[PDB]
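Raw protein.cif, mmCIF, N, CA and C atoms; chains and numbers go by the auth columns:
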data_input
loop_
_atom_site.group_PDB
_atom_site.id
_atom_site.type_symbol
_atom_site.label_atom_id
_atom_site.label_comp_id
_atom_site.label_asym_id
_atom_site.label_seq_id
_atom_site.Cartn_x
_atom_site.Cartn_y
_atom_site.Cartn_z
_atom_site.B_iso_or_equiv
_atom_site.auth_seq_id
_atom_site.auth_asym_id
ATOM 1 N N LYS A 1 -28.195 -10.908 53.330 0.00 1 A
ATOM 2 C CA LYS A 1 -29.288 -10.026 53.728 0.00 1 A
ATOM 3 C C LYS A 1 -28.910 -9.219 54.943 0.00 1 A
ATOM 4 N N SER A 2 -29.360 -8.008 54.989 0.00 2 A
ATOM 5 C CA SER A 2 -29.100 -7.146 56.094 0.00 2 A
ATOM 6 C C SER A 2 -30.382 -7.013 56.915 0.00 2 A
ATOM 7 N N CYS A 3 -30.347 -7.484 58.128 0.00 3 A
ATOM 8 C CA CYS A 3 -31.518 -7.478 58.987 0.00 3 A
ATOM 9 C C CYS A 3 -31.403 -6.419 60.058 0.00 3 A
ATOM 10 N N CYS A 4 -32.340 -5.515 60.080 0.00 4 A
ATOM 11 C CA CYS A 4 -32.330 -4.412 60.994 0.00 4 A
ATOM 12 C C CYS A 4 -33.505 -4.480 61.969 0.00 4 A
ATOM 13 N N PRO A 5 -33.276 -4.102 63.243 0.00 5 A
ATOM 14 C CA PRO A 5 -34.314 -4.115 64.275 0.00 5 A
ATOM 15 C C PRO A 5 -35.167 -2.836 64.287 0.00 5 A
ATOM 16 N N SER A 6 -34.958 -1.971 63.316 0.00 6 A
ATOM 17 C CA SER A 6 -35.675 -0.713 63.212 0.00 6 A
ATOM 18 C C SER A 6 -35.570 -0.180 61.785 0.00 6 A
ATOM 19 N N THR A 7 -36.542 0.607 61.376 0.00 7 A
ATOM 20 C CA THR A 7 -36.528 1.243 60.083 0.00 7 A
ATOM 21 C C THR A 7 -35.442 2.317 60.034 0.00 7 A
ATOM 22 N N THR A 8 -35.291 3.040 61.151 0.00 8 A
ATOM 23 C CA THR A 8 -34.279 4.056 61.305 0.00 8 A
ATOM 24 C C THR A 8 -32.899 3.412 61.149 0.00 8 A
ATOM 25 N N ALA A 9 -32.785 2.174 61.636 0.00 9 A
ATOM 26 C CA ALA A 9 -31.560 1.420 61.537 0.00 9 A
ATOM 27 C C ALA A 9 -31.242 1.160 60.075 0.00 9 A
ATOM 28 N N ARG A 10 -32.245 0.717 59.302 0.00 10 A
ATOM 29 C CA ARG A 10 -32.057 0.513 57.860 0.00 10 A
ATOM 30 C C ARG A 10 -31.675 1.789 57.154 0.00 10 A
ATOM 31 N N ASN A 11 -32.377 2.873 57.456 0.00 11 A
ATOM 32 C CA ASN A 11 -32.117 4.175 56.823 0.00 11 A
ATOM 33 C C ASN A 11 -30.670 4.575 57.000 0.00 11 A
ATOM 34 N N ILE A 12 -30.217 4.531 58.241 0.00 12 A
ATOM 35 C CA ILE A 12 -28.847 4.872 58.600 0.00 12 A
ATOM 36 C C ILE A 12 -27.870 3.887 57.961 0.00 12 A
ATOM 37 N N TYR A 13 -28.187 2.610 58.055 0.00 13 A
ATOM 38 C CA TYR A 13 -27.375 1.549 57.481 0.00 13 A
ATOM 39 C C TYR A 13 -27.176 1.734 55.985 0.00 13 A
ATOM 40 N N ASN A 14 -28.280 1.852 55.267 0.00 14 A
ATOM 41 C CA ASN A 14 -28.260 1.901 53.818 0.00 14 A
ATOM 42 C C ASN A 14 -27.492 3.083 53.328 0.00 14 A
ATOM 43 N N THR A 15 -27.668 4.221 53.972 0.00 15 A
ATOM 44 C CA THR A 15 -26.976 5.426 53.569 0.00 15 A
ATOM 45 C C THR A 15 -25.510 5.396 53.959 0.00 15 A
ATOM 46 N N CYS A 16 -25.221 4.758 55.071 0.00 16 A
ATOM 47 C CA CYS A 16 -23.857 4.602 55.534 0.00 16 A
ATOM 48 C C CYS A 16 -23.063 3.793 54.531 0.00 16 A
ATOM 49 N N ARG A 17 -23.632 2.682 54.096 0.00 17 A
ATOM 50 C CA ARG A 17 -22.936 1.793 53.210 0.00 17 A
ATOM 51 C C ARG A 17 -23.158 2.158 51.749 0.00 17 A
ATOM 52 N N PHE A 18 -24.018 3.122 51.530 0.00 18 A
ATOM 53 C CA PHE A 18 -24.317 3.631 50.196 0.00 18 A
ATOM 54 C C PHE A 18 -23.099 4.342 49.643 0.00 18 A
ATOM 55 N N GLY A 19 -22.598 5.277 50.411 0.00 19 A
ATOM 56 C CA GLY A 19 -21.450 6.028 49.989 0.00 19 A
ATOM 57 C C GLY A 19 -20.154 5.434 50.479 0.00 19 A
ATOM 58 N N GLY A 20 -20.008 5.356 51.768 0.00 20 A
ATOM 59 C CA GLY A 20 -18.785 4.874 52.342 0.00 20 A
ATOM 60 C C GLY A 20 -18.930 3.548 53.033 0.00 20 A
ATOM 61 N N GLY A 21 -18.011 3.302 53.954 0.00 21 A
ATOM 62 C CA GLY A 21 -18.000 2.124 54.798 0.00 21 A
ATOM 63 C C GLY A 21 -18.106 0.807 54.060 0.00 21 A
ATOM 64 N N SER A 22 -18.778 -0.113 54.689 0.00 22 A
ATOM 65 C CA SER A 22 -19.012 -1.425 54.182 0.00 22 A
ATOM 66 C C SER A 22 -20.269 -1.917 54.858 0.00 22 A
ATOM 67 N N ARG A 23 -20.847 -2.987 54.351 0.00 23 A
ATOM 68 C CA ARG A 23 -22.091 -3.518 54.866 0.00 23 A
ATOM 69 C C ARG A 23 -21.987 -3.859 56.352 0.00 23 A
ATOM 70 N N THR A 24 -20.923 -4.521 56.735 0.00 24 A
ATOM 71 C CA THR A 24 -20.744 -4.965 58.090 0.00 24 A
ATOM 72 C C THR A 24 -20.461 -3.811 59.044 0.00 24 A
ATOM 73 N N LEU A 25 -19.606 -2.896 58.614 0.00 25 A
ATOM 74 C CA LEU A 25 -19.238 -1.726 59.402 0.00 25 A
ATOM 75 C C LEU A 25 -20.468 -0.859 59.670 0.00 25 A
ATOM 76 N N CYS A 26 -21.290 -0.724 58.666 0.00 26 A
ATOM 77 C CA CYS A 26 -22.479 0.075 58.772 0.00 26 A
ATOM 78 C C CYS A 26 -23.565 -0.641 59.545 0.00 26 A
ATOM 79 N N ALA A 27 -23.672 -1.948 59.348 0.00 27 A
ATOM 80 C CA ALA A 27 -24.603 -2.763 60.121 0.00 27 A
ATOM 81 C C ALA A 27 -24.291 -2.679 61.604 0.00 27 A
ATOM 82 N N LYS A 28 -23.005 -2.715 61.939 0.00 28 A
ATOM 83 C CA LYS A 28 -22.548 -2.593 63.323 0.00 28 A
ATOM 84 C C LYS A 28 -23.051 -1.288 63.941 0.00 28 A
ATOM 85 N N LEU A 29 -23.019 -0.244 63.141 0.00 29 A
ATOM 86 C CA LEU A 29 -23.437 1.085 63.535 0.00 29 A
ATOM 87 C C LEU A 29 -24.931 1.125 63.856 0.00 29 A
ATOM 88 N N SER A 30 -25.730 0.673 62.926 0.00 30 A
ATOM 89 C CA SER A 30 -27.168 0.741 63.037 0.00 30 A
ATOM 90 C C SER A 30 -27.758 -0.343 63.957 0.00 30 A
ATOM 91 N N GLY A 31 -27.023 -1.419 64.147 0.00 31 A
ATOM 92 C CA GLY A 31 -27.498 -2.517 64.963 0.00 31 A
ATOM 93 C C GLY A 31 -28.068 -3.619 64.095 0.00 31 A
ATOM 94 N N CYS A 32 -27.810 -3.509 62.816 0.00 32 A
ATOM 95 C CA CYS A 32 -28.283 -4.453 61.833 0.00 32 A
ATOM 96 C C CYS A 32 -27.332 -5.633 61.748 0.00 32 A
ATOM 97 N N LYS A 33 -27.834 -6.750 61.327 0.00 33 A
ATOM 98 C CA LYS A 33 -27.045 -7.944 61.187 0.00 33 A
ATOM 99 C C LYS A 33 -26.882 -8.287 59.725 0.00 33 A
ATOM 100 N N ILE A 34 -25.663 -8.529 59.319 0.00 34 A
ATOM 101 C CA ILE A 34 -25.393 -8.960 57.974 0.00 34 A
ATOM 102 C C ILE A 34 -25.450 -10.470 57.995 0.00 34 A
ATOM 103 N N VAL A 35 -26.514 -11.007 57.517 0.00 35 A
ATOM 104 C CA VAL A 35 -26.732 -12.426 57.552 0.00 35 A
ATOM 105 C C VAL A 35 -26.798 -12.966 56.136 0.00 35 A
ATOM 106 N N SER A 36 -26.920 -14.252 55.996 0.00 36 A
ATOM 107 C CA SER A 36 -27.009 -14.853 54.701 0.00 36 A
ATOM 108 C C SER A 36 -28.407 -14.627 54.118 0.00 36 A
ATOM 109 N N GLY A 37 -29.394 -15.200 54.764 0.00 37 A
ATOM 110 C CA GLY A 37 -30.749 -15.057 54.314 0.00 37 A
ATOM 111 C C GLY A 37 -31.632 -16.235 54.666 0.00 37 A
ATOM 112 N N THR A 38 -31.164 -17.100 55.537 0.00 38 A
ATOM 113 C CA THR A 38 -31.942 -18.230 55.977 0.00 38 A
ATOM 114 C C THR A 38 -32.865 -17.811 57.126 0.00 38 A
ATOM 115 N N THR A 39 -32.340 -16.999 57.988 0.00 39 A
ATOM 116 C CA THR A 39 -33.064 -16.421 59.084 0.00 39 A
ATOM 117 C C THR A 39 -32.912 -14.903 59.030 0.00 39 A
ATOM 118 N N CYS A 40 -33.575 -14.198 59.911 0.00 40 A
ATOM 119 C CA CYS A 40 -33.473 -12.763 59.946 0.00 40 A
ATOM 120 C C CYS A 40 -33.710 -12.270 61.366 0.00 40 A
ATOM 121 N N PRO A 41 -32.638 -11.968 62.093 0.00 41 A
ATOM 122 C CA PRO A 41 -32.735 -11.508 63.467 0.00 41 A
ATOM 123 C C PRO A 41 -33.076 -10.018 63.569 0.00 41 A
ATOM 124 N N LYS A 42 -33.411 -9.608 64.754 0.00 42 A
ATOM 125 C CA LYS A 42 -33.727 -8.245 65.067 0.00 42 A
ATOM 126 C C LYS A 42 -32.749 -7.757 66.102 0.00 42 A
#

Please re-express this file's structure in structure tokens.
Amino acid sequence: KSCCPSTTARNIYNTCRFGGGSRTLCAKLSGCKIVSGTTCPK
């Protein structure tokens, strides 16, 4: 699961990893955390 501290973060994240990059690389960008799914940080 990708946990983002903002909606803007998700928007940027999702589009970043939509075309290019990778989940983690894009999460790093937006401030989102690529987690498993047991918890969900902000």

inquiry  = What would the selection look like, as a ChimeraX atom specification, if the PyMOL selection byres (((chain A and resi 27 and name CA) around 10) and name CA) were run on the coordinates I just shared?
reply    = /A:2-4,9-10,12-14,16-17,21-26,28-34

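Of all the residues in chain A, the ones DSSP labels as strand (DSSP E or B) from the backbone are residues 2, 3, 33 and 34 of chain A.
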
key: atom C of residue A:41 to atom C of residue A:6, distance in Å rounded to a single decimal   = 10.3 Å

query = Residues of chain A in alpha helix (DSSP H) according to DSSP, as an MDAnalysis selection string?
reply = chainID A and resid 7:19 23:30

Please return the centre and edge lengths, in Å to one decimal, of a box with edges along x, y and z that contains all listed atoms of stretch 23-31 of chain A, widened by 5 Å on every side, as AutoDock Vina command-line options.
--center_x -23.7 --center_y -1.9 --center_z 59.7 --size_x 18.8 --size_y 16.1 --size_z 20.6

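The two atoms in question, atom CA of residue A:42 and atom C of residue A:19, are spaced 24.2 Å apart.
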
request  = Record the distance separating atom CA of residue A:35 and atom C of residue A:5, expressed in Å with one decimal.
outcome  = 14.4 Å
